[PDB]
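For reference, the chains in residue letters:
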Amino acid sequence: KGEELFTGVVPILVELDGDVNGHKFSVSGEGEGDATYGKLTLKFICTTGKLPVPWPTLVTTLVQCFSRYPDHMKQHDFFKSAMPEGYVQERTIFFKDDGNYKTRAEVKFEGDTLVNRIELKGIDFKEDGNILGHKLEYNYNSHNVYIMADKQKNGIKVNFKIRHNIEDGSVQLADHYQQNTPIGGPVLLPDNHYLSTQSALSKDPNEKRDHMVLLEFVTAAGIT
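Conventions we followed
- Residues numbered from 1 in each chain as written, not as in the entry; some residues may be left out.
- Heavy atoms only, no water.
- UniProt positions renumbered as here; feature names shortened; annotations may be inferred.
- Pairing = 2+ DSSP bridges.
- Helix = DSSP H or I, 4+ residues; strand = E, 2+ residues; numbered from the N terminus.
- Axes fitted to C-alpha atoms, helices over the stretch in contact; angles between N-to-C directions.
- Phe/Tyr/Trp six-rings, centres within 6.5 Å; stacked < 30°, edge-to-face > 60°.
- Buried < 20%, exposed > 50% of the residue type's maximum accessible area, 1.4 Å probe, protein only.
- Core = buried A, V, L, I, M, F, W, Y, C linked by side-chain atoms within 4.5 Å.
- Contact = heavy atoms within 4.5 Å.
- Salt bridge = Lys/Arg side-chain N within 4 Å of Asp/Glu carboxyl O.
- Polar contact = N/O pair within 3.5 Å; in protein donor to acceptor, adjacent residues only side chain to side chain.

The deposited coordinates for this entry were obtained by X-ray crystallography, with a reported resolution of 1.12 Å.

As annotated in the PDB entry, the protein chain carries the name Green fluorescent protein and is attributed to Aequorea victoria. UniProt's Subunit comment on the protein chain is quoted here verbatim: "Monomer." The record held by UniProt for the protein chain lists under Sequence similarities the comment "Belongs to the GFP family."

Pasting the structure below:
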């Protein structure tokens, strides 16, 4: 099954094409994932120069097939079951009192490498709000990512809210609506559960380009 593709360390490639309020940018990432630990190591570069939005706002867009599904949870791992053909991941992300992102990604193997290829469109932002004004702290918090079967088609529906810490001490919420559908034949759909997701963001002091180093940790768990 798809799960067998994830028993060891897997190389990852990420490519994101973005446009936020007409500000166009691209991001390239590379690294590796180890799903038997639930761990990601990635480095992202803004290949168009300086990123026009805060790096933390792109974390969720920039591979949930690397989550650790413990044995008792394994039948309910949609993300790996869809591999190697992969899945389409679509989101709408609403920044409270500000604009929204819409994203479409394909997450799939290309040879030995797990690829996440994304298009992102952002609209309705304030040019000196928290996003386009760069007012978000360079950090990330712990979230629970809630997963249900889609009733209408073979896929999952996923819901969570991200808490982005603002530099003046407040929190910028980002409500995420997500759906995933297989690129290949249908899969068995999971019972309701969640992913416990932790992300930590850092810098390489020797890297001169605008970039983000990102280590994540993710484990599935049952409800409640």
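J.: In this structure, what is going on with the sheet that holds strand β8 (residues 156-165)? I would like to understand it.
T.: Backbone-to-backbone hydrogen bonds pair the strands of a sheet. The strands run either parallel or antiparallel. On the basis of which strands lie adjacent, the closed barrel formed by eleven strands has the order β1-β2-β3-β11-β10-β7-β8-β9-β4-β5-β6 and mixed pairing. For this sheet, the mean inter-axis angle between neighbouring strands, taken without regard to orientation, is 20°. Sheet analysis places strand β7 (residues 143-149) next to β8, joined by four bridges and oriented antiparallel. Bridging across to β8, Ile-147 finds its partner in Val-158.

J.: Just checking my understanding: could you explain the packing of aromatic side chains for this structure?
T.: Geometry of an aromatic ring pair is reported as the spacing of the ring centres plus the angle between the planes. Across all of its chains, the model carries ten aromatic pairs by this definition. Taking 4.9 Å as the distance between ring centres and 70° as the angle between the ring planes, the aromatic pair formed by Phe-95 and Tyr-101 counts as edge-to-face. On the basis of relative accessibility, which here comes to 2%, the residue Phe-95 falls in the buried class. In this structure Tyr-101 comes out as buried when scored by relative accessible area, which is 0%. Between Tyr-146 and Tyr-194 the ring centres are 6.0 Å apart and the planes differ by 35°, which places this aromatic pair in the tilted class. Taken as a pair, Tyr-146 in strand β7 and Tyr-194 in strand β10 (residues 193-202) lie far apart in primary sequence, 48 residues in all.

J.: How should the nonpolar core be read in this particular structure?
T.: Soluble globular proteins: nonpolar side chains tend toward being buried together. Residues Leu-58, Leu-62, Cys-65, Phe-66 and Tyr-101 are the most contacted members of the largest nonpolar core, which totals 56 residues. Considering each element in turn, this core owes the most residues, five residues, to strand β1 (residues 10-20).

J.: I would appreciate a short explanation of the side chain of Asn-116 in the present structure.
T.: Note that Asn-116 resides in strand β6 (residues 113-123). The exposure class of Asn-116 is buried, given its relative accessible area of 2%. Other than its neighbours up to four places away in sequence, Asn-116 contacts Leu-13, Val-14, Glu-15, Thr-61, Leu-62, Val-63, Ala-105, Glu-106 and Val-107.

J.: Honestly, unusual backbone geometry in this entry has me stumped. Any pointers?
T.: Keep in mind that most residues, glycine aside, have a negative phi and that most peptide bonds are trans. Following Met-83, the chain continues into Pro-84 via a peptide bond in cis, with omega recorded as 5°. Residue position: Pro-84 is located in the loop between α1 (78-81) and β4 (87-95). Even without being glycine, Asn-21 reaches a positive phi, approximately 55°. Its relative accessible area of 25% is what places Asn-21 among the partly exposed residues.

J.: How should I be thinking about the pattern of salt bridges in this particular structure?
T.: Oppositely charged side chains can pair when the atoms bearing their charge come close. Here the structure, examined in full by the defined rule, presents 14 salt bridges. We note a salt bridge from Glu-106 to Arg-104, for which the minimum N-O separation is 3.0 Å. Note on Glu-106: relative accessible area 22%, which makes it partly exposed. A salt bridge links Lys-153 to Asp-150; its shortest N-O distance comes to 2.7 Å. Residues joined in a network through salt bridges with shared partners are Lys-43, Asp-204, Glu-207 and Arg-209.

J.: Would you explain the pairing of strand β5 (residues 100-110) in this entry?
T.: In the case of a regular strand, side chains alternate between the two sheet surfaces. Relative to β5, β4 runs antiparallel, the two sharing eight bridges. Following the sheet pairing, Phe-94 is matched in β5 by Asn-100. Two strands pair when backbone bridges link them, and β5 and β6 are joined in this way by eleven bridges, in the antiparallel orientation. Bridging from a neighbouring strand, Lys-108 pairs with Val-115 of β6. The antiparallel hairpin formed by β5 and β6 contains two residues in its connecting segment, where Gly-111 sits at a positive phi of about 60°.

J.: Is there a simple way to explain the environment of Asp-71 in this structure?
T.: By the element assignment, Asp-71 lies in the loop between β3 (39-46) and α1. Counting along the chain gives eleven residues from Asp-71 to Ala-82, while the straight-line C-alpha distance between them is 18 Å. Only 2.8 Å separates the side chain of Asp-71 from the side chain of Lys-74, close enough to count as a polar contact.

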